[PDB]
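Below is one structure; the comments refer to it alone.
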Amino acid sequence: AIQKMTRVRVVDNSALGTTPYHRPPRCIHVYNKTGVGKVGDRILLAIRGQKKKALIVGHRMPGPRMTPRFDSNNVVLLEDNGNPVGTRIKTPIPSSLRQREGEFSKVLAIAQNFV
Amino acid sequence: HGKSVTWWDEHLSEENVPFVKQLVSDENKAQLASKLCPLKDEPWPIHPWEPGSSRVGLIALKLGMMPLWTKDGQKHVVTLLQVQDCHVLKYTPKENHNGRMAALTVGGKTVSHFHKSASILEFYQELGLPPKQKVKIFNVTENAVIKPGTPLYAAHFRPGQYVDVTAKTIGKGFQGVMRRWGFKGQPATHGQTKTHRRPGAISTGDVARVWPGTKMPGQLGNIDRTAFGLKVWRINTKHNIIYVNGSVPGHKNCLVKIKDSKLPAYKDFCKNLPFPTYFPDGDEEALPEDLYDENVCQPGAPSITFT
Amino acid sequence: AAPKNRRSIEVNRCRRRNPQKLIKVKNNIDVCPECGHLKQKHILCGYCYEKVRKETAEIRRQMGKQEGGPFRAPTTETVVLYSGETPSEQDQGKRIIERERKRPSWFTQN
Amino acid sequence: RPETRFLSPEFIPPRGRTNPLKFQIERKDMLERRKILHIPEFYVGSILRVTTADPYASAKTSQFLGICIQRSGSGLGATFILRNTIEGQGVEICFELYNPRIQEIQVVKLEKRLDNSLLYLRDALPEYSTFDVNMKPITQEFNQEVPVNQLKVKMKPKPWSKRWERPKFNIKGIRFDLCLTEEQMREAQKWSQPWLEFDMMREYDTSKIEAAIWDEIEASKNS
Amino acid sequence: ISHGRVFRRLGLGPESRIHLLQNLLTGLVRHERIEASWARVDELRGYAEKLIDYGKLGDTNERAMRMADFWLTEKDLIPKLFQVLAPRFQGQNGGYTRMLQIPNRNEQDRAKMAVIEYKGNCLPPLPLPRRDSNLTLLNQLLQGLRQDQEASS
RNA sequence: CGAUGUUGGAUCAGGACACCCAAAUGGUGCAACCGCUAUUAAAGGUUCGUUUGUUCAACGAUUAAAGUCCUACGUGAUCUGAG
Ligand SMILES: [Mg+2]
Ligand SMILES: [Mg+2]
Ligand SMILES: [Mg+2]
Ligand SMILES: [Mg+2]
Ligand SMILES: [Mg+2]
Ligand SMILES: [Mg+2]
Ligand SMILES: [Mg+2]
Ligand SMILES: [Mg+2]
Ligand SMILES: [Mg+2]
Ligand SMILES: [Mg+2]
Ligand SMILES: [Mg+2]
Ligand SMILES: [Mg+2]
Ligand SMILES: [Mg+2]
Ligand SMILES: [Mg+2]
Ligand SMILES: [Mg+2]
Ligand SMILES: [Mg+2]
Ligand SMILES: [Mg+2]
Ligand SMILES: [Mg+2]
Ligand SMILES: [Mg+2]
Ligand SMILES: [Mg+2]
Ligand SMILES: [Zn+2]
């Protein structure tokens, strides 16, 4: 349950992701019709005084059984084409993501650990 | 004459109460097991299946809910409906009821004799059944008609099918506008006085009255609704239990009315079903303990491995 | 909100002589086979229960005299006796209350 | 060596007025399931590894290892939660015991801890949430009677996911002397409801039911 | 919505309810017969039935002792529970208590009143309702039926 | 004028159609995708935020769309009181 004005943790290695800033990266607008984001959902993100798009990787809110539930709200910085702007993603990721290949292909390619 | 109130128990001694109870229960056993053999008595003529036909229904008892799994991996939740004692009671012909379809009146589970009324007890007396708790009326095409006094079992529905379940919903009593309708309230904190729930404006300035449909506080929930398009998954033949899909309106342990789905997409499904109804007598072959749908993972099984 | 007009006496008679505001006649009254007073069928007889209450009180008084204080209650069962009675072998080893009145008709010896 | 029967907690039916038949049915089915998949004895705090059927992985099997945080459910629906940290990411999964997607359950460590449920490992220092993914199973003699590990835990600074200091929780597993002021401990005690322990009527009885369903289990082994 | 709520609300809150039942219980164990508000007596009856089953558990059981400690207020009674009440209920599983409706209180609040009692106490017996005798006309007509259920078997 | 308590919000909306979306079509300086026009249709819809007391307005992000109005500039014996 990520929604407007949530503070999120950028998982991948990135220019924007890693480098510090005074304001934590915030969620502006989720691209679902319900205002609520879940795993494998697009997001608009305000980071370092600019907007970038993100993909929700994992979140603290419970979900269907046998789905992983995470201790932080995790995102992957993402461009307009669906191209991950990170080189690789260390922290673990839902296996359920592999259900959608079409969109998440290039993002799942750089993922290390699946849980 | 000031005639005093009286109940069944009142004048009996401590000796005769167990006796009367024995008397009644024993004649109940006799009566139920007597009508246990429908096909050898005087069965009404059985007709073959016509295309626009519709079957009798059942009166079941909502047990509880259970999870169930499908071979694709998905989880479902199901409602157990046990058929307890279910008999067709009377038959109203086509021209005497709707002028379109005939009506069969079906009884629900057995109740005590003592707490019904002279009229009703007479109605069952001439029948030879014990009194039923609930009684509903089913619309039936005249080729589907059965003989009053006939048992109905859970096998009447085959796994994979769709049904309609009607019952009284859970009574939530006199309710506010937020629970009954789903109005937002007014904000809690910002200086609102005594308003945090109330309906707000109920009408227009000029109209000078409040319209008849106007949503307002009032009774919620003891009332009849119907669930449609319910898949039936599994049938337990020993205890007469139907496993239907999802939630069925009413409280658990309440009586319920099942029939085939009248939804359009399922209209002609009836042809493959045991029709006038099911008859455990006639086939002279037992059914398995359980009948399942082909997508259902069974209580014992290979324990699915994707490949 | 203030009433716009006085309610007429006809209207008001309609409200308060309505069947639903009338006292409803109780049909469960009967006579107690014992004293022949009145009782509802689902309730103990007031009169008889008063006999029992008085006697209970007297017994408790006199078993308050046998207890020298607030917190002393016997560690044994007790039995109540009347004029011209003696504890049975089954009833001995128990606290004994001796009352002056002859044993009441309703009260059995047990 | 004296043997006290261990009953998997999901054979205990809930307290509601639900018809006793439903439970008989459910139990027949989960006993049917127990013949295929072997479900071990275990408690909260014991460490398990679970093998799953996953369509989307390369090997269709998916292993997960973690401590059991809580068991809850009843009948077919009963679940357990496994907690483990990977790379610094805390992760929990909630498994349904009787789900056919579960291949094998393996107890790597049989253990009790001081509390019937520890969800508070969410708020503890990460060590207590971490275990080696490959760590090998460890075996015991029964007469050790499922050893109760007594370990108090260190906490992150408040706030916590829940208030664990409150009497409703009954947590001996936390080390509170290091975390809290004496004043906060008097504060937590204003929520104490002493009378609850002596409430009699509030207490749920089992033993007749358990005798019954144990009888049922034996009758399931025989056939 | 009150669905499946077993306990009624009394007193100043949940705790006050427990202490109300405390006093009522203590009163019942001391005097063995008491009369109170029909609702409160009904509420009590459960606890008064379970207390005897904690008494059956014996003096030595610790749980039963701190249970009887909390519930019985005047400590003097705790022996009487274990050494008088609990022994005289041995055979019977649940039959400990008799609860009857008394006529409404004669005070102006006109309450609904009950008497509650431990069976086998030493007191003048309550005027219980008696069933009709067997000699009564209708029962005599039933005896016929019975003797013909014997004759036909 | 021996009182018909007034702006904007909240709540709940009733209605019109001079239609913003959804449906069916005519014309195009309509190839296709977009559009621009006109006809018919009012059952159902018509977002979330930054600043303003604000209605308007500007701006951020969106939406199938973020309609124009009437109802004592609907609605204070339901609320608000910034103006
Ligand atoms: Mg800036
Ligand atoms: Mg209700
Ligand atoms: Mg609110
Ligand atoms: Mg104010
Ligand atoms: Mg005020
Ligand atoms: Mg308030
Ligand atoms: Mg008018
Ligand atoms: Mg929280
Ligand atoms: Mg009160
Ligand atoms: Mg004026
Ligand atoms: Mg005037
Ligand atoms: Mg409207
Ligand atoms: Mg028009
Ligand atoms: Mg259009
Ligand atoms: Mg409209
Ligand atoms: Mg104007
Ligand atoms: Mg206005
Ligand atoms: Mg205003
Ligand atoms: Mg006001
Ligand atoms: Mg007004
Ligand atoms: Zn009398």
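Residues in the structure tokens are named by chain (A, B, ... in the order shown) and by number from 1 within that chain; ligands are numbered from 1 in the order shown.
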
Strand (DSSP E) call set, DSSP backbone run, segment 10-174 of chain D, as a PDB file with N, CA, C and O atoms, in the first residue's frame:
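Below is the file out-v8.pdb, written as the result:
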```
ATOM      1  N   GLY D  45       9.208 -19.965  16.887  1.00  0.00           N
ATOM      2  CA  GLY D  45      10.614 -19.779  17.203  1.00  0.00           C
ATOM      3  C   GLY D  45      11.489 -20.874  16.630  1.00  0.00           C
ATOM      4  O   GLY D  45      12.696 -20.702  16.464  1.00  0.00           O
ATOM      5  N   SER D  46      10.873 -22.005  16.318  1.00  0.00           N
ATOM      6  CA  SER D  46      11.577 -23.079  15.648  1.00  0.00           C
ATOM      7  C   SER D  46      11.879 -22.642  14.219  1.00  0.00           C
ATOM      8  O   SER D  46      11.122 -21.883  13.630  1.00  0.00           O
ATOM      9  N   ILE D  47      12.996 -23.095  13.667  1.00  0.00           N
ATOM     10  CA  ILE D  47      13.392 -22.643  12.336  1.00  0.00           C
ATOM     11  C   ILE D  47      13.055 -23.667  11.275  1.00  0.00           C
ATOM     12  O   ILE D  47      13.443 -24.839  11.386  1.00  0.00           O
ATOM     13  N   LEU D  48      12.349 -23.220  10.240  1.00  0.00           N
ATOM     14  CA  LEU D  48      11.919 -24.122   9.190  1.00  0.00           C
ATOM     15  C   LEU D  48      12.426 -23.712   7.825  1.00  0.00           C
ATOM     16  O   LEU D  48      12.724 -22.535   7.571  1.00  0.00           O
ATOM     17  N   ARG D  49      12.524 -24.712   6.956  1.00  0.00           N
ATOM     18  CA  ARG D  49      12.741 -24.509   5.535  1.00  0.00           C
ATOM     19  C   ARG D  49      11.547 -25.096   4.794  1.00  0.00           C
ATOM     20  O   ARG D  49      11.134 -26.228   5.061  1.00  0.00           O
ATOM     21  N   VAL D  50      10.983 -24.320   3.877  1.00  0.00           N
ATOM     22  CA  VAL D  50       9.831 -24.767   3.109  1.00  0.00           C
ATOM     23  C   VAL D  50      10.152 -24.758   1.620  1.00  0.00           C
ATOM     24  O   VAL D  50      10.730 -23.795   1.095  1.00  0.00           O
ATOM     25  N   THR D  51       9.792 -25.852   0.956  1.00  0.00           N
ATOM     26  CA  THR D  51       9.935 -25.979  -0.485  1.00  0.00           C
ATOM     27  C   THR D  51       8.587 -25.737  -1.146  1.00  0.00           C
ATOM     28  O   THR D  51       7.577 -26.307  -0.737  1.00  0.00           O
ATOM     29  N   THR D  52       8.569 -24.889  -2.166  1.00  0.00           N
ATOM     30  CA  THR D  52       7.326 -24.518  -2.825  1.00  0.00           C
ATOM     31  C   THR D  52       7.380 -24.865  -4.297  1.00  0.00           C
ATOM     32  O   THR D  52       8.455 -25.016  -4.866  1.00  0.00           O
ATOM     33  N   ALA D  53       6.215 -25.003  -4.909  1.00  0.00           N
ATOM     34  CA  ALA D  53       6.140 -25.083  -6.355  1.00  0.00           C
ATOM     35  C   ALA D  53       5.960 -23.679  -6.917  1.00  0.00           C
ATOM     36  O   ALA D  53       4.947 -23.024  -6.668  1.00  0.00           O
ATOM     37  N   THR D  61      11.049 -25.515  -8.219  1.00  0.00           N
ATOM     38  CA  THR D  61      11.043 -25.458  -6.766  1.00  0.00           C
ATOM     39  C   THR D  61      11.564 -24.107  -6.261  1.00  0.00           C
ATOM     40  O   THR D  61      12.438 -23.496  -6.876  1.00  0.00           O
ATOM     41  N   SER D  62      10.985 -23.630  -5.162  1.00  0.00           N
ATOM     42  CA  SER D  62      11.472 -22.430  -4.490  1.00  0.00           C
ATOM     43  C   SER D  62      11.662 -22.680  -2.987  1.00  0.00           C
ATOM     44  O   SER D  62      10.706 -22.958  -2.267  1.00  0.00           O
ATOM     45  N   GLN D  63      12.903 -22.586  -2.524  1.00  0.00           N
ATOM     46  CA  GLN D  63      13.220 -22.793  -1.114  1.00  0.00           C
ATOM     47  C   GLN D  63      13.129 -21.495  -0.330  1.00  0.00           C
ATOM     48  O   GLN D  63      13.522 -20.440  -0.824  1.00  0.00           O
ATOM     49  N   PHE D  64      12.622 -21.564   0.894  1.00  0.00           N
ATOM     50  CA  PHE D  64      12.727 -20.417   1.782  1.00  0.00           C
ATOM     51  C   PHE D  64      13.001 -20.864   3.203  1.00  0.00           C
ATOM     52  O   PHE D  64      12.381 -21.806   3.684  1.00  0.00           O
ATOM     53  N   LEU D  65      13.925 -20.189   3.876  1.00  0.00           N
ATOM     54  CA  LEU D  65      14.261 -20.555   5.247  1.00  0.00           C
ATOM     55  C   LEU D  65      14.059 -19.391   6.199  1.00  0.00           C
ATOM     56  O   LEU D  65      14.462 -18.267   5.909  1.00  0.00           O
ATOM     57  N   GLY D  66      13.457 -19.671   7.350  1.00  0.00           N
ATOM     58  CA  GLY D  66      13.248 -18.629   8.335  1.00  0.00           C
ATOM     59  C   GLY D  66      12.681 -19.146   9.637  1.00  0.00           C
ATOM     60  O   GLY D  66      12.297 -20.315   9.752  1.00  0.00           O
ATOM     61  N   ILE D  67      12.642 -18.261  10.628  1.00  0.00           N
ATOM     62  CA  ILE D  67      12.065 -18.561  11.931  1.00  0.00           C
ATOM     63  C   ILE D  67      10.557 -18.443  11.834  1.00  0.00           C
ATOM     64  O   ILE D  67      10.036 -17.648  11.053  1.00  0.00           O
ATOM     65  N   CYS D  68       9.849 -19.240  12.614  1.00  0.00           N
ATOM     66  CA  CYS D  68       8.409 -19.122  12.649  1.00  0.00           C
ATOM     67  C   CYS D  68       8.008 -18.025  13.638  1.00  0.00           C
ATOM     68  O   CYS D  68       8.289 -18.112  14.836  1.00  0.00           O
ATOM     69  N   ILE D  69       7.379 -16.979  13.110  1.00  0.00           N
ATOM     70  CA  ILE D  69       6.902 -15.853  13.903  1.00  0.00           C
ATOM     71  C   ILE D  69       5.580 -16.127  14.616  1.00  0.00           C
ATOM     72  O   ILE D  69       5.444 -15.863  15.813  1.00  0.00           O
ATOM     73  N   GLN D  70       4.604 -16.642  13.870  1.00  0.00           N
ATOM     74  CA  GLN D  70       3.311 -16.977  14.445  1.00  0.00           C
ATOM     75  C   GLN D  70       2.607 -18.081  13.688  1.00  0.00           C
ATOM     76  O   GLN D  70       2.750 -18.210  12.472  1.00  0.00           O
ATOM     77  N   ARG D  71       1.847 -18.879  14.422  1.00  0.00           N
ATOM     78  CA  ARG D  71       0.941 -19.826  13.809  1.00  0.00           C
ATOM     79  C   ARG D  71      -0.462 -19.396  14.124  1.00  0.00           C
ATOM     80  O   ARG D  71      -0.787 -19.118  15.279  1.00  0.00           O
ATOM     81  N   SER D  72      -1.305 -19.351  13.109  1.00  0.00           N
ATOM     82  CA  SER D  72      -2.706 -19.080  13.352  1.00  0.00           C
ATOM     83  C   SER D  72      -3.559 -19.723  12.283  1.00  0.00           C
ATOM     84  O   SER D  72      -3.103 -19.972  11.168  1.00  0.00           O
ATOM     85  N   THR D  79      -2.289 -21.303   8.854  1.00  0.00           N
ATOM     86  CA  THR D  79      -1.066 -20.745   8.285  1.00  0.00           C
ATOM     87  C   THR D  79       0.061 -20.632   9.303  1.00  0.00           C
ATOM     88  O   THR D  79      -0.157 -20.765  10.510  1.00  0.00           O
ATOM     89  N   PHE D  80       1.270 -20.394   8.806  1.00  0.00           N
ATOM     90  CA  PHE D  80       2.373 -19.988   9.670  1.00  0.00           C
ATOM     91  C   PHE D  80       3.192 -18.928   8.942  1.00  0.00           C
ATOM     92  O   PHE D  80       3.175 -18.857   7.717  1.00  0.00           O
ATOM     93  N   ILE D  81       3.884 -18.085   9.696  1.00  0.00           N
ATOM     94  CA  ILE D  81       4.705 -17.031   9.108  1.00  0.00           C
ATOM     95  C   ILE D  81       6.192 -17.315   9.320  1.00  0.00           C
ATOM     96  O   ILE D  81       6.614 -17.671  10.420  1.00  0.00           O
ATOM     97  N   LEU D  82       6.983 -17.161   8.265  1.00  0.00           N
ATOM     98  CA  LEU D  82       8.420 -17.320   8.382  1.00  0.00           C
ATOM     99  C   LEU D  82       9.131 -15.991   8.151  1.00  0.00           C
ATOM    100  O   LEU D  82       8.837 -15.273   7.189  1.00  0.00           O
ATOM    101  N   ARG D  83      10.060 -15.674   9.048  1.00  0.00           N
ATOM    102  CA  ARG D  83      10.795 -14.412   9.040  1.00  0.00           C
ATOM    103  C   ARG D  83      12.279 -14.643   8.820  1.00  0.00           C
ATOM    104  O   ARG D  83      12.898 -15.437   9.524  1.00  0.00           O
ATOM    105  N   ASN D  84      12.857 -13.972   7.838  1.00  0.00           N
ATOM    106  CA  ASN D  84      14.298 -14.025   7.684  1.00  0.00           C
ATOM    107  C   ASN D  84      14.825 -12.786   6.982  1.00  0.00           C
ATOM    108  O   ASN D  84      14.156 -12.224   6.116  1.00  0.00           O
ATOM    109  N   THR D  85      16.030 -12.369   7.349  1.00  0.00           N
ATOM    110  CA  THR D  85      16.668 -11.229   6.706  1.00  0.00           C
ATOM    111  C   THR D  85      17.607 -11.704   5.606  1.00  0.00           C
ATOM    112  O   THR D  85      18.362 -12.657   5.790  1.00  0.00           O
ATOM    113  N   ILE D  86      17.537 -11.041   4.458  1.00  0.00           N
ATOM    114  CA  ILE D  86      18.407 -11.328   3.326  1.00  0.00           C
ATOM    115  C   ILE D  86      19.061 -10.038   2.852  1.00  0.00           C
ATOM    116  O   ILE D  86      18.367  -9.121   2.407  1.00  0.00           O
ATOM    117  N   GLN D  89      17.582  -6.833   4.055  1.00  0.00           N
ATOM    118  CA  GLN D  89      16.147  -6.700   3.873  1.00  0.00           C
ATOM    119  C   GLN D  89      15.426  -7.734   4.733  1.00  0.00           C
ATOM    120  O   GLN D  89      15.571  -8.933   4.517  1.00  0.00           O
ATOM    121  N   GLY D  90      14.662  -7.279   5.718  1.00  0.00           N
ATOM    122  CA  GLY D  90      13.796  -8.185   6.443  1.00  0.00           C
ATOM    123  C   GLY D  90      12.730  -8.681   5.482  1.00  0.00           C
ATOM    124  O   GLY D  90      12.215  -7.904   4.677  1.00  0.00           O
ATOM    125  N   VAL D  91      12.424  -9.975   5.529  1.00  0.00           N
ATOM    126  CA  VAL D  91      11.364 -10.542   4.696  1.00  0.00           C
ATOM    127  C   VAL D  91      10.514 -11.520   5.510  1.00  0.00           C
ATOM    128  O   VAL D  91      11.044 -12.316   6.286  1.00  0.00           O
ATOM    129  N   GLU D  92       9.196 -11.444   5.347  1.00  0.00           N
ATOM    130  CA  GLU D  92       8.307 -12.465   5.880  1.00  0.00           C
ATOM    131  C   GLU D  92       7.486 -13.100   4.775  1.00  0.00           C
ATOM    132  O   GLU D  92       7.127 -12.444   3.799  1.00  0.00           O
ATOM    133  N   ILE D  93       7.178 -14.379   4.932  1.00  0.00           N
ATOM    134  CA  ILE D  93       6.200 -15.005   4.058  1.00  0.00           C
ATOM    135  C   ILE D  93       5.169 -15.715   4.911  1.00  0.00           C
ATOM    136  O   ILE D  93       5.468 -16.175   6.009  1.00  0.00           O
ATOM    137  N   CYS D  94       3.945 -15.793   4.407  1.00  0.00           N
ATOM    138  CA  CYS D  94       2.883 -16.475   5.124  1.00  0.00           C
ATOM    139  C   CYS D  94       2.417 -17.706   4.347  1.00  0.00           C
ATOM    140  O   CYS D  94       1.787 -17.579   3.300  1.00  0.00           O
ATOM    141  N   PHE D  95       2.722 -18.895   4.860  1.00  0.00           N
ATOM    142  CA  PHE D  95       2.401 -20.130   4.154  1.00  0.00           C
ATOM    143  C   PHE D  95       1.148 -20.776   4.685  1.00  0.00           C
ATOM    144  O   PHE D  95       0.942 -20.832   5.902  1.00  0.00           O
ATOM    145  N   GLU D  96       0.316 -21.280   3.780  1.00  0.00           N
ATOM    146  CA  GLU D  96      -0.812 -22.105   4.190  1.00  0.00           C
ATOM    147  C   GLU D  96      -0.362 -23.558   4.229  1.00  0.00           C
ATOM    148  O   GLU D  96       0.140 -24.080   3.235  1.00  0.00           O
ATOM    149  N   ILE D 102       2.780 -26.493  -1.697  1.00  0.00           N
ATOM    150  CA  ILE D 102       3.880 -26.786  -0.801  1.00  0.00           C
ATOM    151  C   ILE D 102       4.372 -28.215  -1.037  1.00  0.00           C
ATOM    152  O   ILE D 102       3.620 -29.180  -0.901  1.00  0.00           O
ATOM    153  N   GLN D 103       5.641 -28.331  -1.413  1.00  0.00           N
ATOM    154  CA  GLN D 103       6.271 -29.615  -1.691  1.00  0.00           C
ATOM    155  C   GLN D 103       6.665 -30.327  -0.409  1.00  0.00           C
ATOM    156  O   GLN D 103       6.173 -31.409  -0.112  1.00  0.00           O
ATOM    157  N   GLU D 104       7.577 -29.714   0.336  1.00  0.00           N
ATOM    158  CA  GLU D 104       8.089 -30.301   1.565  1.00  0.00           C
ATOM    159  C   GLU D 104       8.362 -29.250   2.632  1.00  0.00           C
ATOM    160  O   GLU D 104       8.859 -28.162   2.342  1.00  0.00           O
ATOM    161  N   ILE D 105       8.031 -29.586   3.871  1.00  0.00           N
ATOM    162  CA  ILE D 105       8.391 -28.756   5.007  1.00  0.00           C
ATOM    163  C   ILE D 105       9.474 -29.470   5.782  1.00  0.00           C
ATOM    164  O   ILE D 105       9.351 -30.657   6.073  1.00  0.00           O
ATOM    165  N   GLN D 106      10.541 -28.757   6.110  1.00  0.00           N
ATOM    166  CA  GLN D 106      11.645 -29.360   6.836  1.00  0.00           C
ATOM    167  C   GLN D 106      11.981 -28.548   8.073  1.00  0.00           C
ATOM    168  O   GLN D 106      12.269 -27.356   7.976  1.00  0.00           O
ATOM    169  N   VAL D 107      11.938 -29.184   9.238  1.00  0.00           N
ATOM    170  CA  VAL D 107      12.355 -28.498  10.449  1.00  0.00           C
ATOM    171  C   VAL D 107      13.872 -28.532  10.550  1.00  0.00           C
ATOM    172  O   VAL D 107      14.456 -29.604  10.696  1.00  0.00           O
ATOM    173  N   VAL D 108      14.515 -27.372  10.469  1.00  0.00           N
ATOM    174  CA  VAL D 108      15.957 -27.321  10.680  1.00  0.00           C
ATOM    175  C   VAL D 108      16.261 -27.212  12.164  1.00  0.00           C
ATOM    176  O   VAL D 108      17.290 -27.700  12.625  1.00  0.00           O
ATOM    177  N   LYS D 109      15.391 -26.543  12.912  1.00  0.00           N
ATOM    178  CA  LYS D 109      15.577 -26.521  14.360  1.00  0.00           C
ATOM    179  C   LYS D 109      14.262 -26.577  15.101  1.00  0.00           C
ATOM    180  O   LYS D 109      13.374 -25.767  14.848  1.00  0.00           O
ATOM    181  N   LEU D 110      14.141 -27.527  16.019  1.00  0.00           N
ATOM    182  CA  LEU D 110      12.931 -27.634  16.805  1.00  0.00           C
ATOM    183  C   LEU D 110      13.119 -26.882  18.101  1.00  0.00           C
ATOM    184  O   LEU D 110      13.985 -27.220  18.904  1.00  0.00           O
ATOM    185  N   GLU D 111      12.310 -25.854  18.302  1.00  0.00           N
ATOM    186  CA  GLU D 111      12.550 -24.944  19.402  1.00  0.00           C
ATOM    187  C   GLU D 111      11.275 -24.264  19.878  1.00  0.00           C
ATOM    188  O   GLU D 111      10.355 -24.026  19.094  1.00  0.00           O
ATOM    189  N   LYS D 112      11.226 -23.964  21.171  1.00  0.00           N
ATOM    190  CA  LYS D 112      10.219 -23.069  21.729  1.00  0.00           C
ATOM    191  C   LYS D 112      10.920 -21.797  22.148  1.00  0.00           C
ATOM    192  O   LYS D 112      12.107 -21.821  22.465  1.00  0.00           O
ATOM    193  N   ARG D 113      10.202 -20.682  22.150  1.00  0.00           N
ATOM    194  CA  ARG D 113      10.727 -19.468  22.763  1.00  0.00           C
ATOM    195  C   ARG D 113       9.700 -18.943  23.754  1.00  0.00           C
ATOM    196  O   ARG D 113       8.581 -19.442  23.802  1.00  0.00           O
ATOM    197  N   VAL D 148      13.080 -25.278  25.605  1.00  0.00           N
ATOM    198  CA  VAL D 148      12.620 -23.901  25.558  1.00  0.00           C
ATOM    199  C   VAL D 148      13.802 -22.957  25.616  1.00  0.00           C
ATOM    200  O   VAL D 148      14.438 -22.803  26.663  1.00  0.00           O
ATOM    201  N   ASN D 149      14.073 -22.302  24.495  1.00  0.00           N
ATOM    202  CA  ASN D 149      15.182 -21.370  24.424  1.00  0.00           C
ATOM    203  C   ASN D 149      14.818 -20.099  25.159  1.00  0.00           C
ATOM    204  O   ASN D 149      13.857 -19.423  24.800  1.00  0.00           O
TER     205      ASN D 149
END
```

Practice prompt. Name each residue within 12 Å of ligand 21, counting only C-alpha atoms (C1' of nucleotides) and all ligand atoms, as a count of residues only.
Written response: 28

Discussion item. Residues near segment 178-194 of chain D, anyone? I mean within 8 Å using only C-alpha atoms (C1' of nucleotides), not counting same-chain ones fewer than 3 positions away, as a PyMOL selection string.
Written reply: chain D and resi 154-155+157+165-168+175+197-198

Now that the selection is made, can you save its residues with N, CA and C atoms as a PDB file, in the first residue's frame?
```
ATOM      1  N   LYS D 154      17.391  -7.613  22.191  1.00  0.00           N
ATOM      2  CA  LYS D 154      17.696  -6.185  22.130  1.00  0.00           C
ATOM      3  C   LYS D 154      16.830  -5.500  21.073  1.00  0.00           C
ATOM      4  N   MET D 155      16.415  -4.268  21.348  1.00  0.00           N
ATOM      5  CA  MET D 155      15.493  -3.565  20.460  1.00  0.00           C
ATOM      6  C   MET D 155      16.086  -2.331  19.788  1.00  0.00           C
ATOM      7  N   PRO D 157      15.491   1.654  18.705  1.00  0.00           N
ATOM      8  CA  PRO D 157      14.823   2.656  19.545  1.00  0.00           C
ATOM      9  C   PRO D 157      13.349   2.825  19.176  1.00  0.00           C
ATOM     10  N   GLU D 165       5.192  -3.206  25.443  1.00  0.00           N
ATOM     11  CA  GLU D 165       5.311  -2.972  26.871  1.00  0.00           C
ATOM     12  C   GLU D 165       3.977  -3.134  27.584  1.00  0.00           C
ATOM     13  N   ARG D 166       2.905  -3.016  26.811  1.00  0.00           N
ATOM     14  CA  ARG D 166       1.545  -3.109  27.323  1.00  0.00           C
ATOM     15  C   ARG D 166       1.181  -4.524  27.754  1.00  0.00           C
ATOM     16  N   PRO D 167       0.421  -4.633  28.851  1.00  0.00           N
ATOM     17  CA  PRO D 167       0.099  -5.904  29.497  1.00  0.00           C
ATOM     18  C   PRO D 167      -0.715  -6.848  28.627  1.00  0.00           C
ATOM     19  N   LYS D 168      -1.402  -6.317  27.626  1.00  0.00           N
ATOM     20  CA  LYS D 168      -2.230  -7.168  26.790  1.00  0.00           C
ATOM     21  C   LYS D 168      -1.361  -8.147  26.005  1.00  0.00           C
ATOM     22  N   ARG D 175      13.948  -7.572  26.274  1.00  0.00           N
ATOM     23  CA  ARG D 175      14.712  -7.033  27.374  1.00  0.00           C
ATOM     24  C   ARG D 175      14.264  -5.589  27.571  1.00  0.00           C
ATOM     25  N   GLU D 197      -7.672 -12.685  34.441  1.00  0.00           N
ATOM     26  CA  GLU D 197      -7.127 -14.016  34.736  1.00  0.00           C
ATOM     27  C   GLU D 197      -8.086 -14.880  35.539  1.00  0.00           C
ATOM     28  N   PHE D 198      -8.903 -14.221  36.342  1.00  0.00           N
ATOM     29  CA  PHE D 198      -9.802 -14.897  37.261  1.00  0.00           C
ATOM     30  C   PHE D 198     -11.219 -15.016  36.718  1.00  0.00           C
TER      31      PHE D 198
END
```

Go through chain B residue by residue and, counting only C-alpha atoms and all ligand atoms, keep those with an atom at most 12 Å from ligand 19; for each kept residue give the shortest atom pair and its distance in Å to one decimal, ordered by chain and increasing number, as a Markdown table.
```
| residue | atom | partner | partner_atom_place_in_ligand_line | distance |
| --- | --- | --- | --- | --- |
| B:192 | CA | ligand 19 | 1 (Mg) | 10.3 |
| B:193 | CA | ligand 19 | 1 (Mg) | 8.2 |
| B:194 | CA | ligand 19 | 1 (Mg) | 9.6 |
| B:195 | CA | ligand 19 | 1 (Mg) | 10.2 |
```

Discussion item. For the helix (DSSP H, G or I) assignment from backbone DSSP, which residues of chain C qualify? Please present them as a PyMOL selection string.
Written reply: chain C and resi 9-16+19-21+46-65

Practice prompt. Within 10 Å of ligand 3, which residues show up when you count only C-alpha atoms (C1' of nucleotides) and all ligand atoms? List them as a ChimeraX atom specification, please.
Written response: /B:178,183-189,196-197
